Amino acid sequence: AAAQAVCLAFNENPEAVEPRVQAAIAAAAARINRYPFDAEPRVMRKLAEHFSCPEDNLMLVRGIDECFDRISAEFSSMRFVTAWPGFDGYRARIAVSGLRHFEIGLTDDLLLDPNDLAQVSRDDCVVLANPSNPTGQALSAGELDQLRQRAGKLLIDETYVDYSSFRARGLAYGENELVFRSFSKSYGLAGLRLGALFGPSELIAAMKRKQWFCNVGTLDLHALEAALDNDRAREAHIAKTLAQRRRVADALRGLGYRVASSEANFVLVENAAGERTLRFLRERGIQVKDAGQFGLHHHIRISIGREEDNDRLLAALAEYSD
């Protein structure tokens, strides 16, 4: 009996990398000396098939950072509107540019503040995560309806959509709306930092023109290609994550913790004790995320890992509730 270190802090896929995925990488390793001239159009077509949309409406990007930069470079005069508390990445990219910025606050329910949401104008480019990081909340029909009527441009970052209740709902993009999907979570390619941006064909074409030559190399391309033909493992990971999220949320509430509803692969928990909790869990080799990073101080974001990982976390916070 040896209880090793446990990391439930970066929302990573905790499963082992599928053998067919590793083998695709091992085979591409023998051709890294050559430009992937045949592999790049082949993977673009595979992406188009996977998301059932034309190749003219999607762009392969180096995560949400490239996505935000190439979009903002096309709307550099607009006011960028993001949620705060919310994902801190948009703030980081706004800090390396000269963009105007306005932020939408949250209610005590961790929902978008209607007063700030009413200040959205046709001069604004609204960038929101759905489900949100770290609240795990999903945008309501009314919120999306209001945004689509009031915003100039809208980008919905659907990084955590694979753990949501609205997976059936299509890719929503058009004249003034774009959507981003990540391959870092459910797809298990966090270490490659890849994503897909969907939007109107003219805008996508102008941003593709500004992308770097061979932006995604032969190793990442063969990796992504294999990850797209891996639905059996991906669906098993999603199913297990939804069940373990339910277990962890119910068990923590039974221990007296105040846990927020979640549509992603993590749960937001109230932490009035502050650093004392993080220090306690680090002593027991349990690594969680301080939601202070996202403006939600005295909160912790606990990721949902494998059953044995979640067992370790629940046993430690059961001990801490005494």
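Heads up: residue numbers just count along the shown sequence, starting at 1.
> Between 105-113 and 202-210, which has the larger average Cα B-factor in the PDB entry?
Averaged over C-alpha atoms, the B-factors run higher in 105-113.
> Out of 1-9 and 312-320, which one has CA B-factors that are higher on average in the deposited record?
According to the PDB entry, the answer is 1-9.
> Just to confirm, going by the entry's C-alpha B-factors, which of 279, 31, 62, 70 comes out highest?
That would be 279.
> With respect to the C-alpha temperature factors reported in the PDB entry, which of 100, 193, 91, 150 ranks highest?
If I rank 100, 193, 91, 150 by C-alpha B-factor, first place goes to 150.
> If you rank the chain by CA B-factor, which third does residue 275 end up in: lowest, middle or highest?
Top third by C-alpha B-factor.
> How does residue 145 rank on Cα B-factor within its chain, lowest, middle or highest third?
It falls in the top third of the chain.
> Which third, lowest, middle or highest, does the CA B-factor of residue 66 fall in along this chain?
Ranked within chain, residue 66 CA B lands in the lowest tercile.
> Within this chain, which third does the Cα B-factor at residue 139 fall in: lowest, middle or highest?
Its C-alpha B-factor belongs to the middle third of this chain's values.
> What third of its chain, lowest, middle or highest, does the C-alpha temperature factor of residue 225 fall into?
According to the entry, residue 225 has a C-alpha B-factor in the chain's middle third.
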